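Chain A is the first sequence line, chain B the second, and so forth, proteins listed ahead of strands; every chain is numbered from 1. Computed over heavy atoms, backbone and side chain alike; hydrogens, waters and symmetry mates excluded.
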Amino acid sequence: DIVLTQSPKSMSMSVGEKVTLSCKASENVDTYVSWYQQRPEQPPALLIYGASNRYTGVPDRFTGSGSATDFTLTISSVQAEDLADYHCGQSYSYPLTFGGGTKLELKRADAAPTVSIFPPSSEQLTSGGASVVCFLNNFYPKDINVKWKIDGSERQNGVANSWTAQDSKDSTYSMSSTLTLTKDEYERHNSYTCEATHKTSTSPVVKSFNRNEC
Amino acid sequence: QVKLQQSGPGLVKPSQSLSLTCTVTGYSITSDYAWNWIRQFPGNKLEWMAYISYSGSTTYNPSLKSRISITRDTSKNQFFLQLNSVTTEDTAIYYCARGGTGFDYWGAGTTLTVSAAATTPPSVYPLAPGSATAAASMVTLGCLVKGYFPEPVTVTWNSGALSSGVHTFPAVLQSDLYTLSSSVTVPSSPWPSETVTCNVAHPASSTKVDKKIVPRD
């Protein structure tokens, strides 16, 4: 069916700014493009319908325009409560379809990640498992690449990463990287490195620990 | 005014079939409008599944019209969604909605989890510093909560006493079990000299565990 592409994947802006979100369609959909806003842990809300008609209840700073292919959502003045996910869909052809969504995040000053690594606890080794955990806290922007080196060699198996959404206080992000090994695997190597590389530094941020060190 | 409410099995086994109930209040589903089922995948991606019109018509998304079916009970003012041969690929958030003028009303949506796993309590592991990694003023401690099913898990530090400098990450899948972690950063005054305990609660398995982060050897 007609594919709807949303140009802005994730836009970073300040309170009091003007954004313009893009939504393009494959084929003609005339003006049957609706915009939905979706705050965290909340369902979608109708924002603009008929390409330009503002749904009842929606403030003025929201203004949609466009026809048959190129549509836009203009936000006069961005506000805190406007930080959210925006979806647009067409309702002209019937596989009804939605775009991938554009996320709006609050901009802030760059911050380096506070890296922390932890050897597996004896409570876990004692039962045969080996998890090495690494925390990459309160950094900004999102973009970050973590990497595990065991005794100097990279390792991609048994690495589970998890990222938090932008914080509702300091606007930073955070992630934890967990590496999992059998106790046998664990005890044959000695050096464990968690190497982070963030745009806030020309050199990789590294936390390490040698097993032969109490 | 208009009010939609979903409900249904929260967890099921692959291959199985089921039905999601959307019970709407403050408007007759025979009155007008189309009544839809839309789902959201992990990543916020939205996908339309099907609708049933007030007149009784039914449309389906061609990619699911082999496994789904929409029916209604105009007496109880409800319309249901039936999914068969459910795959893991179907776990998501399911919404029912009224549409026309774009999708006007939406429900709170209901979470479905397609999994073969069986309810099993979490293993909680204390995460104390590697003896060397800790930049003066602040020391970070952690808590590893692995191998548990299903969601969710409640994690707090010092029964609630500690609230800031805290990080709890979204659970992820390892094998077919969830694993999640949490951290707290405290001044290097407290911790060694003051006990910080991590508390984990897995309602499903009626499990409740406290774990003290003590210095390693």
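For A:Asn212, the CG atom counts as densely surrounded, since its 6.0 Å shell holds more than 12 non-hydrogen atoms of other residues, nucleotides or ligands. The local environment of CD in A:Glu27 is sparse, with at most 12 non-hydrogen atoms from other residues, nucleotides or ligands closer than 6.0 Å. Annotation: A:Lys142, atom NZ; neighbour count of heavy atoms from other residues, nucleotides and ligands within 6.0 Å is above 12.
For A:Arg54 against A:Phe62, the heavy-atom pair with the smallest separation is NE-O, 2.8 Å. Nearest approach of A:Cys134 to A:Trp148, heavy atoms of both residues: CB-CZ2, 3.7 Å.
No other option in A:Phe98, A:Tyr94, A:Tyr49 has as many heavy-atom pairs under 4.5 Å with chain B as A:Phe98. Top candidate by heavy-atom pairs under 4.5 Å with chain A, chosen from B:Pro170, B:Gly130, B:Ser131, is B:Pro170. Between chain A and the options B:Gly107, B:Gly142, B:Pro126, heavy-atom pairs under 4.5 Å are most frequent for B:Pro126. The greatest number of non-hydrogen atom pairs below 4.5 Å with chain B, out of A:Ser174, A:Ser116, A:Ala160, A:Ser91, is found for A:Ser174. Most heavy-atom pairs under 4.5 Å with chain A, from the set B:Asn61, B:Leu144, B:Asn44, B:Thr101: that is B:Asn44. Annotation: maximal heavy-atom pairing with chain A below 4.5 Å, among B:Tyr60, B:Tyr105, B:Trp48, occurs at B:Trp48. Most heavy-atom pairs under 4.5 Å with chain A, from the set B:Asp104, B:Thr179, B:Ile93: that is B:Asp104. Most heavy-atom pairs under 4.5 Å with chain B: of the set A:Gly101, A:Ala45, A:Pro95, this distinction falls to A:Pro95. Contact count versus chain B (heavy atoms, under 4.5 Å) is highest, among A:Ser176, A:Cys214, A:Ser131, A:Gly50, for A:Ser176. Among B:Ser123, B:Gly109, B:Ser183, the residue with the largest count of heavy-atom pairs under 4.5 Å with chain A is B:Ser183.
In this structure, the ring pair (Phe, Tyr, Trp, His ring centres under 6.0 Å) partners of A:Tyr192, at least two apart in sequence or on a different chain, are A:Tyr186, A:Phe209. Contacts of B:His167 classified as ring pair (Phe, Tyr, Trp, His ring centres under 6.0 Å), with partners at least two apart in sequence or in another chain: none.
Annotation: residues 32-43 of chain A contacts chain B through A:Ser34, A:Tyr36, A:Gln38, A:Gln42, A:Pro43 [non-hydrogen atoms, separation under 4.5 Å].
For chain A, no part of B:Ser63 is nearby; none of its heavy atoms comes within less than 4.5 Å. At a 4.5 Å heavy-atom cutoff, the contact between B:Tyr51 and chain A is made by side-chain atoms alone. Heavy atoms closer than 4.5 Å to chain A are found in the backbone of B:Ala128, but not in its side chain. For A:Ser208, the part lying near chain B is the backbone, with the side chain staying farther off; criterion is any non-hydrogen pair under 4.5 Å. Contact annotation for A:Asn161: only backbone heavy atoms (N, CA, C, O) come within less than 4.5 Å of a heavy atom of chain B. Using a 4.5 Å cut-off between heavy atoms, A:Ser127 contacts chain B through its side chain alone, with no backbone atom that close.
A donor-acceptor pair under 3.5 Å links the side-chain atoms of A:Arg108 to the main chain of A:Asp170, judged by distance alone. Of the possible polar contacts, one joining the A:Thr126 side chain to the A:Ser122 backbone as a donor-acceptor pair under 3.5 Å is found. A:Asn210 places no side-chain N or O within 3.5 Å of a backbone atom of A:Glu213 that could act as its donor or acceptor partner.
Sorted by first then second residue, the side chain to side chain donor-acceptor pair (under 3.5 Å) pairs that include residues 133-158 of chain B, not counting sequence neighbours, are B:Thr140-B:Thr185, B:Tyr148-B:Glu151, B:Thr156-B:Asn199, B:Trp157-B:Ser182.
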**Request:** Determine, stepwise, if the pair A:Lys149 / A:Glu195 fulfils salt bridge (charged side-chain N to carboxylate O under 4.0 Å, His left out).
**Result:** CA-CA 7 Å; A:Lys149 284 199 188 79; A:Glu195 190 165 290; 2.5 Å; yes
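A cation-pi geometry, defined here as NZ or CZ lying under 6.0 Å from the six-membered ring centre and within 45° of its normal, does not hold between B:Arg39 and B:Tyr95.
In this model, no donor atom of one side chain and acceptor atom of the other lie less than 3.5 Å apart for A:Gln6 and A:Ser22.
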